[PDB]
Amino acid sequence: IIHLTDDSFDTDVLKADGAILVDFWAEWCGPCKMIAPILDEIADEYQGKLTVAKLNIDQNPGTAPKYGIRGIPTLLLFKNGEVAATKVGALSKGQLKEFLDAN
Amino acid sequence: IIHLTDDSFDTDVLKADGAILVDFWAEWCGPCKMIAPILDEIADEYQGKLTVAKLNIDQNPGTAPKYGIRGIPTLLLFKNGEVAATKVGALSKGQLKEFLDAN
Amino acid sequence: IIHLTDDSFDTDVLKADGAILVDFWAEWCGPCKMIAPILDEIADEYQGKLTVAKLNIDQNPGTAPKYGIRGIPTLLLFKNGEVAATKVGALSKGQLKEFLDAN
Amino acid sequence: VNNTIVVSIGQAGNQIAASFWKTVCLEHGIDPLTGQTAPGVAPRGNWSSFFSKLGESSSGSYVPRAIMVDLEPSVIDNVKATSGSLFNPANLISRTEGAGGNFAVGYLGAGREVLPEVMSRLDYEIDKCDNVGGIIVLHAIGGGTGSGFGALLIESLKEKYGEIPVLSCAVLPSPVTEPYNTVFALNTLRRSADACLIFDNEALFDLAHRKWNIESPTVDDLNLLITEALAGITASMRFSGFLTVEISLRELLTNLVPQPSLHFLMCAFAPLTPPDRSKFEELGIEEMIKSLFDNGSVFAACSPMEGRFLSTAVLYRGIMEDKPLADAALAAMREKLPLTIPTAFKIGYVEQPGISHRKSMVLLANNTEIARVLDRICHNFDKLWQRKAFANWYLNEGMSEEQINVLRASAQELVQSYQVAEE
Amino acid sequence: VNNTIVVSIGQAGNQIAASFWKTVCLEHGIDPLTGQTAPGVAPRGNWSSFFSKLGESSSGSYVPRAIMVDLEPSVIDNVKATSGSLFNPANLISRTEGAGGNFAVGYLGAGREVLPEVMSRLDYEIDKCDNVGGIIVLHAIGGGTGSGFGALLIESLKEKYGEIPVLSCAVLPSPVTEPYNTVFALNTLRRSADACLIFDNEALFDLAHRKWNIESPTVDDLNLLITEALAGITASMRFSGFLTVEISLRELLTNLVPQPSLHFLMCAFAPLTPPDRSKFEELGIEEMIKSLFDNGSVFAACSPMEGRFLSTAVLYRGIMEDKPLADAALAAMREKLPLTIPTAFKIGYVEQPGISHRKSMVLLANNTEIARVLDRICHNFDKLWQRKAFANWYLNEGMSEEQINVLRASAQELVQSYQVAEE
Amino acid sequence: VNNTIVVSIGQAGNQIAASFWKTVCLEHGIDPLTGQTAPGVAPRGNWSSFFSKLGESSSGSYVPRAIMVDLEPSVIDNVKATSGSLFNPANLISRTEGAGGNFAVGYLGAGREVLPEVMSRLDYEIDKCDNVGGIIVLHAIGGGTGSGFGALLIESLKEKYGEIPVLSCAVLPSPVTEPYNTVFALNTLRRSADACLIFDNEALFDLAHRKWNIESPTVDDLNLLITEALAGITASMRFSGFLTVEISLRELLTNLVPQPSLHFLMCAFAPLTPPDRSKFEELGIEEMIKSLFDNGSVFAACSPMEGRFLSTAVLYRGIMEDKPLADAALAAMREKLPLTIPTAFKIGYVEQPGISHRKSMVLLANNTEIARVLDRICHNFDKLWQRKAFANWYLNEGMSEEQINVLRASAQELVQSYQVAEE
Ligand SMILES: Nc1nc2c(ncn2[C@@H]2O[C@H](COP(=O)(O)OP(=O)(O)OP(=O)(O)O)[C@@H](O)[C@H]2O)c(=O)[nH]1
Ligand SMILES: Nc1nc2c(ncn2[C@@H]2O[C@H](COP(=O)(O)OP(=O)(O)OP(=O)(O)O)[C@@H](O)[C@H]2O)c(=O)[nH]1
Ligand SMILES: Nc1nc2c(ncn2[C@@H]2O[C@H](COP(=O)(O)OP(=O)(O)OP(=O)(O)O)[C@@H](O)[C@H]2O)c(=O)[nH]1
């Protein structure tokens with residue numbers, strides 16, 4: 001489980017080798033808590049293939065506005081320093097996979 | 001597309017060799033207009049096997065009463081000078097075929 | 001069709017060799033009449049395998065209370081002098097069989 | 001589109017035939033007393049399978065592809081009395097004597113005399129078919145016409161036409177010389193019929209008494225049961241539609257008969273609800289399918305579940321309220337059946353209901369418990385033949401003593417075939 | 001996940017190709033003028049089957065795995081004018097002359113000159129595939145580029161790559177030298193294509209006039225019909241989902257082609273409702289399935305029901321309102337079809353609707369009535385060749401008189417194959 | 001109706017056995033502390049498959065067809081403490097020493113001493129069966145009793161009874177001498193078991209921690225997962241009904257095992273919802289089926305989707321809200337699975353739900369990724385055997401050094417079998 005700050009985003013996400021999934025979230029977001037246990041399973045089954053990161057938008061208000069986030073939870077797939085795909089809202093552990101499989 | 005009058009019915013329909021389907025109809029009949037494009041397709045797919053005729057009951061009020069027509073549209077199948085079968089009301093291009101296939 | 005009294009229960013049901021099905025019933029019971037024609041079919045198809053008996057609880061009030069009957073119709077399966085299984089209420093001729101097949 | 005000719009022989013045959021044709025007319029909207037339809041209207045369904053058209057549409061007629069043969073004239077006289085101008089008068093053939101319950105009279109005696117006329121009517125019916133798909137022979141085998149001439153005609157049919165499927169629907173006597181005639185007829189039904197569907201009078205009697213409350217059931221009651229089953233089996237051949245699974249007699253027997261030596265069939269029907277309540281009381285799909293496969297529903301005094309199924313067809317018709325449920329149920333039955341020889345499990349569907357039930361089913365099975373019905377018969381035959389009961393009846397009629405031993409042995413060869421299929 | 005490359009040759013080919021790619025972009029949410037998606041979003045579905053990704057996600061692009069070849073430059077110029085930065089400019093190959101409706105120019109003349117460039121682009125596309133599952137060749141065979149170079153390139157494709165499935169989608173001329181070019185192309189389509197799906201311009205014309213009320217139908221109208229069918233056939237390869245039955249070109253042709261000598265296919269589509277009403281007027285499943293199997297719905301001027309089906313696939317996509325009904329209907333069709341050579345009846349389902357219908361179906365069939373379409377062609381060829389109409393056109397171009405007899409005989413060998421399959 | 005005997009060996013085996021029998025009692029309405037039912041009532045379902053009746057209905061009892069064997073007495077003592085008068089006291093066999101985690105003690109030492117008693121109880125149970133359909137052996141193979149005596153008894157079972165199907169359900173250790181015992185047991189499970197279903201403790205641990213939030217999972221937690229799967233697999237054998245697809249152990253293994261050399265199975269369960277919410281939170285069919293086929297749901301530390309399926313059974317039970325949806329889903333899975341050796345895809349349905357879920361599914365698969373689990377084991381064995389870690393433990397106990405090489409090679413022959421099946 002990788003926690004991020006605004007200061008660490010550059011190195012952790014953008015300068016990163018290999019694919020990375022970022023969960024922009026908050027404590028006061030019902031649906032965000034819903035997928036917290038789901039995201040842990042993917043951190044196992046996509047070992048080496050993916051790294052899973054989290055950014056809490058309350059304590060780090062600087063990053064989300066840069067990416068045009070419309071709400072939370074927002075899953076962002078990064079490859080180099082680039083957004084590959086986007087998932088908005090809480091979802092099944094199965095729809096998440098089909099999303100990861102194709103990109 | 002064969003148009004009929006009361007005067008032409010005898011030769012065109014009754015003295016006719018081979019099977020013939022007559023559509024008694026009117027302009028002020030919703031359902032009659034519904035099957036006008038349908039009847040054209042059958043005029044193609046049943047070449048030699050059938051001839052398709054139309055009689056507008058307003059301008060030719062003399063014929064329908066002779067055949068006990070209860071309303072429009074009425075499809076009448078003739079072989080010699082005889083009514084083989086009867087279809088009342090607008091229908092699918094498929095139900096029309098199953099009707100033509102059996103008789 | 002075997003009718004029983006309180007006096008005949010001992011010999012007919014309890015001292016009996018082989019399996020026996022007892023229908024506790026009444027005339028004023030709707031559902032009891034419902035299965036009267038059903039019970040006749042089983043008396044045929046389970047020849048030797050089963051004997052089918054009836055006890056009318058109005059004219060023989062002594063027996064049902066001994067077996068903890070909660071209502072009618074009640075089917076009781078006896079083997080020796082022992083209740084093998086219990087069916088309460090009117091049922092299909094098919095559910096009755098699956099009940100008889102298993103016990 | 002396939003044509004079927006129905007030939008009925010003897011009392012039972014013709015009385016059943018009359019009931020069958022009346023029902024089929026009603027299903028197709030054909031006037032059962034005149035062969036006509038209302039002015040301008042054609043019959044429903046694929047009417048030409050069982051009917052031919054005579055003349056113009058005005059004064060014309062729809063004529064059952066039917067031939068009725070008897071020696072005694074009472075039954076065919078009755079048909080003429082009750083059926084207006086439905087039949088072709090040339091197709092109702094009778095003589096004067098009955099066969100007096102003597103198979104040999106029908107096969108060798110008076111039966112041989114009627115054959116050229118009957119065969120000539122077959123010729124005419126056959127040739128006036130676009131494509132003949134089968135011949136159904138309706139008869140009882142406990143008497144002497146249905147059995148003797150039934151035997152004679154099926155043999156004759158197969159020699160002259162060969163390839164045409166011939167199905168016998170044969171009524172069996174219920175526990176007189178009936179056991180003798182049954183056994184003699186069985187030989188031909190074994191060797192020459194492409195298939196034989198039995199209707200066991202013993203079972204029919206019970207069902208009518210049991211399920212229907214008839215203290216003294218008549219032959220009319222028994223014929224109701226047969227007629228429903230016949231209507232239901234023939235529905236695949238007589239209707240078409242978006243969901244209607246069209247099935248020929250050819251395709252049906254192909255699926256029901258795994259070897260030529262195992263071609264005896266039994267059938268069950270559902271609902272067996274009394275006609276008294278027919279449309280007011282309905283079974284759901286569950287109870288209906290359940291009943292269809294119940295030992296108490298088969299038109300044979302025996303228990304198909306205690307034997308083995310060689311093959312099976314479920315022929316459904318009418319309303320389908322819940323197709324996922326029916327498929328789930330049939331799949332479950334398919335995995336529950338005692339099996340042998342590899343099996344078939346065919347499902348047919350016809351949209352058109354019959355005239356008495358919103359939905360109904362016929363189960364046809366090739367099952368080894370038919371051996372029981374047949375065994376019952378042979379035990380009665382042996383009981384009389386051991387002491388030569390009415391033996392002179394048949395001896396003085398052209399059969400030889402040793403040749404009836406051959407036919408008792410022939411039927412035994414068929415009863416052993418089904419016993420071997422079980423183990 | 002399988003990759004497909006689509007090669008389009010000549011006027012018809014490329015105009016259809018452009019319409020196909022625009023539709024596929026719209027299905028996947030890819031901007032059809034730029035190959036881009038909205039900021040941050042990926043395309044829907046399995047986009048990589050028909051597209052490759054160029055560069056980063058910011059300024060990057062999704063590029064049709066497409067090559068377009070012509071001799072005359074007008075059509076490819078038009079593609080450049082209407083399609084922004086969608087295509088790889090290196091994959092749009094043209095010259096200067098047209099082939100003047102001369103097959104021999106495309107196969108032996110100017111066509112041979114374009115081949116190394118076209119083949120080199122194929123190399124590049126092939127190698128940049130994770131797993132290549134097939135090549136689709138889009139072309140008309142009445143002209144000289146699609147026919148000649150189409151013939152040349154399929155032959156070339158099979159020699160160099162061998163195992164890769166190659167499907168031809170070939171447009172046939174409607175009743176000039178068109179009958180000559182068709183026949184010459186057919187030889188290669190018979191011997192070298194793994195399968196060939198015909199699109200009969202005669203049928204397309206009729207459907208557009210009849211079903212859609214277009215007095216003077218244009219090629220744009222005809223291409224709508226083709227595009228829908230192509231989108232629909234390729235949907236099994238371009239989408240995934242909980243209910244989506246994924247089917248490769250390999251699996252599809254395997255099921256549709258029972259012998260290498262019988263690999264010509266026809267197709268039907270439903271609904272053929274006019275675009276005018278497309279979303280406002282819907283057919284129910286009943287009418288839709290009914291229509292799909294109707295003689296008036298096939299993209300071939302002939303009647304599949306009067307012939308025999310060797311094989312069949314029904315490819316459904318979009319909303320499924322009533323799956324028990326659709327299964328009941330398809331089962332009924334399956335038992336109604338005239339059959340041969342053992343048959344296959346495959347059913348595919350894709351959740352994703354196309355862009356114009358909430359639900360749609362494509363029927364692909366290997367049916368013997370394709371012989372009729374082919375017969376029509378050969379009769380026209382023979383009518384000109386009997387009197388050597390434009391014969392010098394082809395003689396002065398490298399073909400010999402006896403070798404075109406070989407190709408007329410070659411096509412005859414294919415027409416006799418399908419006639420033999422019927423009886 | 002088929003009878004099953006369940007033999008449980010060692011700690012894990014017996015603790016799982018106790019949990020299994022308690023659950024099965026509850027499913028059948030049998031008092032799990034006394035073997036009794038309420039006054040007058042019979043158990044639900046086909047109880048006689050797994051239970052026999054003792055005596056009259058008044059003071060009588062329903063007795064698990066069960067035998068429990070251990071060397072150490074703690075676990076069987078605990079069973080006696082928690083299970084009233086459920087078991088036959090004569091069927092709970094123990095001694096005094098544990099096998100100290102030594103396979104050789106169980107196979108050659110103290111194990112040989114217990115065998116005549118255990119075999120004699122098998123005799124008695126077998127003979128009191130109307131028709132014995134299989135024996136299930138419940139055991140862990142990381143210790144010395146389950147592994148050693150488990151090996152001894154399966155071998156013994158097959159020599160004496162031959163034709164009776166024997167299924168092993170074997171628990172594998174999670175990454176001491178466990179790798180040694182596993183490998184030694186595997187030989188017998190390879191050669192003598194008709195099939196072996198693995199339960200990988202590593203996967204069970206993860207699921208309990210992951211899906212259920214248990215920081216420190218206990219063996220009780222792991223046994224819940226196993227018990228559900230065992231209840232679910234045995235439901236086809238323990239119930240009947242209008243829609244219930246009855247399936248014997250024979251029929252099941254026949255469909256799951258394509259060759260005797262490939263008889264190792266894995267299983268998945270759904271829903272894996274935490275017991276905490278079990279009846280309050282339900283999955284729909286979609287999510288449920290989706291989950292069933294997910295890599296994170298298998299009771300094996302590996303990924304079935306990255307390997308190939310040789311065979312598959314989906315065993316559904318309980319409420320069916322939407323059968324068209326479930327059939328559509330399973331059909332889609334069937335076309336999505338990586339395949340080899342021809343495959344089977346069997347679907348079972350049982351009406352009766354288990355005690356904790358309104359509907360549940362078990363997936364049994366013969367899949368080649370079982371090689372990964374097995375590989376993990378062999379790498380640990382080799383890591384110890386390369387340096388002869390606890391080798392004297394086994395050498396001083398009757399095994400010879402070269403004969404354990406044979407067993408390491410034997411297991412390698414099985415791991416190569418599944419690797420060959422993949423490519
Ligand atoms: N189910 C049914 N059975 C019948 C019917 N009529 C007669 N039977 C039975 O058929 C057997 C007698 O055969 P029949 O058909 O009456 O004799 P036949 O060949 O027509 O005439 P003869 O040779 O002259 O006696 C007996 O078992 C009767 O019980 C009937 O209408 N329905
Ligand atoms: N359905 C359809 N048919 C077309 C289209 N364009 C041309 N055709 C038909 O295709 C045939 C002519 O083939 P073309 O593709 O135009 O000729 P070409 O090989 O591309 O070019 P040249 O060899 O230079 O003549 C004729 O039968 C036309 O009716 C189109 O866009 N759609
Ligand atoms: N899933 C599960 N695993 C268990 C359970 N009990 C023990 N194990 C595992 O089983 C393995 C040890 O095998 P045991 O059955 O305990 O040993 P044994 O043959 O019974 O007894 P000894 O030979 O005397 O040691 C280890 O991998 C344990 O983690 C249990 O209740 N459930």
Side-chain angles (χ1 to χ4, degrees), chain D residues 9-16 70-72 75 97-102 105-106 139-150 171-174 178 181 199 201 204 219-220 222-223 225-226, chain E residues 9-16 70-72 75 97-102 105-106 139-150 171-174 178 181 199 201 204 219-220 222-223 225-226, chain F residues 9-16 70-72 75 97-102 105-106 139-150 171-174 178 181 199 201 204 219-220 222-223 226:
Chain D
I9 330 298
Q11 169 155 66
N14 297 134
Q15 294 185 329
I16 295 151
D70 206 331
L71 299 171
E72 214 276 328
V75 183
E97 251 54 333
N102 197 310
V105 166
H139 59 150
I141 58 171
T145 305
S147 68
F149 181 78
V171 187
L172 306 189
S174 99
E178 286 172 3
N181 301 319
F199 290 92
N201 265 355
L204 301 178
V219 296
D220 280 33
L222 307 193
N223 291 344
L225 289 160
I226 300 174
Chain E
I9 330 298
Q11 169 155 66
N14 297 134
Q15 294 185 329
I16 295 151
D70 206 331
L71 299 171
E72 214 276 328
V75 183
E97 251 54 333
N102 197 310
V105 166
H139 59 150
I141 58 171
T145 305
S147 68
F149 181 78
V171 187
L172 306 189
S174 99
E178 286 172 3
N181 301 319
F199 290 92
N201 265 355
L204 301 178
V219 296
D220 280 33
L222 307 193
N223 291 344
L225 289 160
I226 300 174
Chain F
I9 330 298
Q11 169 155 66
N14 297 134
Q15 293 185 329
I16 295 151
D70 206 331
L71 299 171
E72 214 276 328
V75 183
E97 251 54 333
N102 197 310
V105 166
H139 59 150
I141 58 171
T145 305
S147 68
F149 181 78
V171 187
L172 306 189
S174 99
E178 286 172 3
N181 301 319
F199 290 92
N201 265 355
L204 301 178
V219 296
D220 280 33
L222 307 193
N223 291 344
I226 300 174

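Values reported hereafter were calculated over all heavy atoms of this structure, with side chains retained and with hydrogens, waters and symmetry mates removed. So you know, we letter chains A, B, ... as the sequences are listed, proteins then strands, and number each from 1. When a ligand or atom number is given, it counts from 1 through the structure's own listing order.
- Shown here for D:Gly144 and D:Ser147, the closest heavy-atom pair between the two residues is CA-OG, 3.4 Å.
- The shortest non-hydrogen separation linking D:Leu225 to D:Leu204 is CD1-O, 3.7 Å.
- Using a 4.5 Å cut-off on side-chain heavy atoms (C-beta onward), D:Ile141 and D:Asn181 make no contact.
- In this structure the side chain of D:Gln11 reaches within 4.5 angstrom of the side chain of D:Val75, judged on heavy atoms.
- The two atoms that bring F:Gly10 and F:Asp70 nearest to each other are C-OD2, 3.5 Å, heavy atoms only.
- Taking a heavy-atom cut-off of under 4.0 Å, ligand 1 is surrounded by D:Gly10, D:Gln11, D:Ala12, D:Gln15, D:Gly98, D:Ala99, D:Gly100, D:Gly101, D:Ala140, D:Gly143, D:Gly144, D:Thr145, D:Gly146, D:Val171, D:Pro173, D:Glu178, D:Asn201, D:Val219, D:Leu222, D:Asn223, D:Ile226.
- Smallest separation of non-hydrogen atoms from F:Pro173 and F:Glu178: CB-OE1, 3.1 Å.
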